[PDB]
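Two separate entries follow, structure 1 and structure 2, each one form of the same protein chain as structure tokens.
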Structure 1
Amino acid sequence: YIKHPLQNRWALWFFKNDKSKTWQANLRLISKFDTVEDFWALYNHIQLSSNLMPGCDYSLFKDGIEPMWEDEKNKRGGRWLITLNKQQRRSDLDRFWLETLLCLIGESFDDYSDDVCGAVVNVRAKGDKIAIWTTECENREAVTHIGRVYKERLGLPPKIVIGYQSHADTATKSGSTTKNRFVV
């Protein structure tokens, strides 16, 4: 009977790389949820009925935030980016992505989870990517707290840093090695 409210409401987005297009016109809102039961119903189903493919990306964002730099909650923000080796086991990708989602819907960064906008997985033959997007790239204390807890929660090796990129820098990159406002 009684569903267990997620403290907050969430939307899953899909993106299939059409690039003739306007980037934003390729998003797709898949469905929304705000209970523990509906999260797992969606996660279980999407995993079994989907297939990993290059260019086909997924985003989970708080209700009302579109997963794009242009959104008001994202324009001043940035992301903690995890870049996977080409060589990683699919098992790693699965675990990292679910652990990321659980950090989102479980509000794992305590008072700083209010800075969290969503998370994105990019499926790329060059190397898969997972990131948590936050709303203000100049909030050093919130951004660095989120980064540290996130890196630990995924059990990443302490010797390799992960980087926080501002969306403003990402969009204007040229080397296509975007610089990191912060590392952890």
Structure 2
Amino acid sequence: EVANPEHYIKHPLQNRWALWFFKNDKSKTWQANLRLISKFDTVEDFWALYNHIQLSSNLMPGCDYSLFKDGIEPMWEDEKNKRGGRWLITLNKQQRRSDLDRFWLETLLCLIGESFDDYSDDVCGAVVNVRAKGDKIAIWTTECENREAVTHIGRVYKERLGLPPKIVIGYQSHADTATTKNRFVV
């Protein structure tokens, strides 16, 4: 007779996740400013890492957090990113105080909680850009020609953030980005 696992096990996530950090440094390269923080695979280790790091709104201009599935680098030239794109949300400057941190947390919860049902295997990761002209949050998808997966992810994401129906967000392919047109909108 053995101990009941629910009294002592950490709560496991579907996936291992990696949090990355981008440091704004013009003397270094893009590749070398992008660096791993740490990995986690349970709810308890996710909060241990979230609770000691700075909120996005307190970061210096030019920095990014990136949360990607273990094995996928947060750059578009990665094998699981190069045929996909991203649902992009652009925030005005006033949103920095009121929505940035709440949207980014909600975004983290959607990834680690697998909120996109069977299209969750299409999710690669998410990036928040802290910029003086306007912050941006985005969820990256592995294939831009998978219409039904991309469409479902975009719609679920937009209502999870609480965005009003009149506010339109676009999905832009990494290959087109590399003034970008939207393949999809919700």
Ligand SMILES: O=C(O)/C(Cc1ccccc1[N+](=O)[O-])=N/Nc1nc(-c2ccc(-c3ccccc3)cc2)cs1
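By convention here, residues take numbers in order along the sequence of structure 1, the first being 1. We call the rigid core the largest set of C-alpha positions that still match within 1.5 Å between the two forms.
Here the chain coming from the form deposited without this ligand is structure 2, while structure 1 comes from the other form. A movement of the C-alpha atom of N44 falling short of 2 angstroms is seen between the two structures when the two forms are aligned on their rigid core. Put the two forms on the same core and the Cα of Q165 is off by less than 2 Å between the two structures.
Per-residue C-alpha deviation between the two structures, core superposed: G118, 0.1 Å. Core superposition gives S91 a CA displacement of 3.3 Å between the two structures. Once the two forms are overlaid on the core, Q7 shows a Cα shift of 1.6 Å between the two structures.
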